[PDB]
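Chemist: Before I ask anything, here's the sequence and the deposited coordinates:
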Amino acid sequence: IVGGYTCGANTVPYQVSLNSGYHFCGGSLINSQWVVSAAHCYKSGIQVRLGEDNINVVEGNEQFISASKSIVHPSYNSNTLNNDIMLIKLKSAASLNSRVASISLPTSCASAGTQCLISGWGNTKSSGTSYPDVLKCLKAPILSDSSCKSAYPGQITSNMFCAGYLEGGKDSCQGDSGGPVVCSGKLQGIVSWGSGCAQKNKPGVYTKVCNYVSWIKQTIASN
Ligand SMILES: [Ca+2]
């Protein structure tokens, strides 16, 4: 997250870190057994880390649970990032508590102009590299479909939305991929892509979770 703030330990209790020997992507806990992340975060050998604040210090509220299954969307296209969504099943259910909690799936799609909370352990520099240890947060508004398509001509599908600031300076970034975009208390987006981070005229692009709720529900009813 570039241009964000330190969230505060465990104030984003649905945020997970995906670890394969090191943090490599975020995700969102949607119930005690399942995490939503980006398909482009797929790796074999994922351990889900819940209850994290500093990902390099064991502070006492973590739960580390291996994935038993990962399910990339059936129509994910890694070239365009259309349908950039994945489900990860935990080998054992998380113990839900004040620091480890699920986020609701949406019923309706979010509205342009809605301010959403985006979080992660990704790079904090637009130019260069610095990865934080503690979880960072950003409030960013959803941009109109027409502004998103103007920013990335020929690249935005109906399964993507843009959020952020066209002047630059505030965005998600590498290492935040797969993590949450929460708007009005529902998981509306997944950190997916963008040109650089926090560059002028190049807002973040996010997987539109409200298009996937029936897939998510049928898949979790069956696995
Ligand atoms: Ca920790």
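Modeler: Yep, that arrived. Numbers count the residues shown, from 1 in each chain.
Chemist: who's in contact with residue 168?
Modeler: 126, 198-202 (C-beta atoms under 8 Å, 6 or more residues apart in numbering). The way it works is simple: take the backbone N, C-alpha and C, and place the C-beta from them, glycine included.
Chemist: out of the residues you listed, who has the most neighbours?
Modeler: residue 198 (27 neighbours; other C-beta atoms under 10 Å).
Chemist: So that one sits against residue 170, correct?
Modeler: Yes. Residue 198 lies in contact with residue 170 (C-beta atoms under 8 Å); the separation is 6.0 Å.
Chemist: shared neighbours, these two?
Modeler: Taking C-beta under 8 Å, 6+ apart as the criterion, residue 198 and residue 170 both touch 2-3, 164.
Chemist: any chance of those in JSON lines, with distance to the ion, secondary structure and neighbour count too?
Modeler: Below are the shared contacts of residue 198 and residue 170 laid out as JSON lines (distance: C-beta to the ion, whole Å; DSSP: H, G, I helix; E, B strand; the rest coil; neighbours: other C-beta atoms under 10 Å):
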{"residue": "2", "distance to the ion": "22", "secondary structure": "strand", "neighbour count": "25"}
{"residue": "3", "distance to the ion": "24", "secondary structure": "coil", "neighbour count": "20"}
{"residue": "164", "distance to the ion": "28", "secondary structure": "coil", "neighbour count": "28"}
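Chemist: how long is stretch 154-171 from one end to the other?
Modeler: Start-to-end span of stretch 154-171 (C-alpha to C-alpha, to the nearest Å) is 22 Å.
Chemist: One more: stretch 69-88?
Modeler: 6 Å.
Chemist: what does that stretch contact?
Modeler: 18, 27, 34-42, 46, 48, 67, 89, 155, 157, 159-160, 178, 190, 192-193, 205, 207, 209, 212, 215-216, 219-220, 223.
Chemist: Can you say which of those residues are also within reach of the ion?
Modeler: Contacts with the ion are made by none of these, judged by C-beta under 5 Å from the ion.
Chemist: got TSV for the shared contacts of residue 198 and residue 170, with distance to residue 185 too?
Modeler: Below are the shared contacts of residue 198 and residue 170 laid out as TSV (distance: C-beta to C-beta, whole Å):
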residue	distance to residue 185
2	25
3	23
164	20
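Chemist: mind giving me the domain ranges of the chain?
Modeler: Following curated CATH domains, one finds the domains of the chain at 1-12+103-210, 13-102+211-222.
Chemist: which of these sits most buried?
Modeler: Of all the domains of the chain, domain 1-12+103-210 has the most neighbours on average by mean count of other C-beta atoms under 10 Å, namely a mean of 20.
Chemist: Give me the distance between that one and the centre of its chain.
Modeler: Put simply, domain 1-12+103-210 sits 8 Å off its chain's centre (C-alpha atoms, centre = their mean, to the nearest Å).
Chemist: Endpoint to endpoint, it covers what distance?
Modeler: OK, domain 1-12+103-210 end separation, C-alpha to C-alpha: 23 Å.
Chemist: Equivalent analysis for stretch 68-80, please.
Modeler: First-to-last residue span, stretch 68-80, C-alpha to C-alpha: 27 Å.
Chemist: wait, doesn't residue 137 sit right on residue 119?
Modeler: Yes. Contact criterion C-beta under 8 Å: residue 137 and residue 119 qualify, at 4.8 Å.
Chemist: Spit out the residues that contact these two alike.
Modeler: 1, 4, 7, 12.
Chemist: can you narrow the contacts of residue 168 to ones near the ion?
Modeler: Subset of those in contact with the ion: empty, counting by C-beta under 5 Å from the ion.
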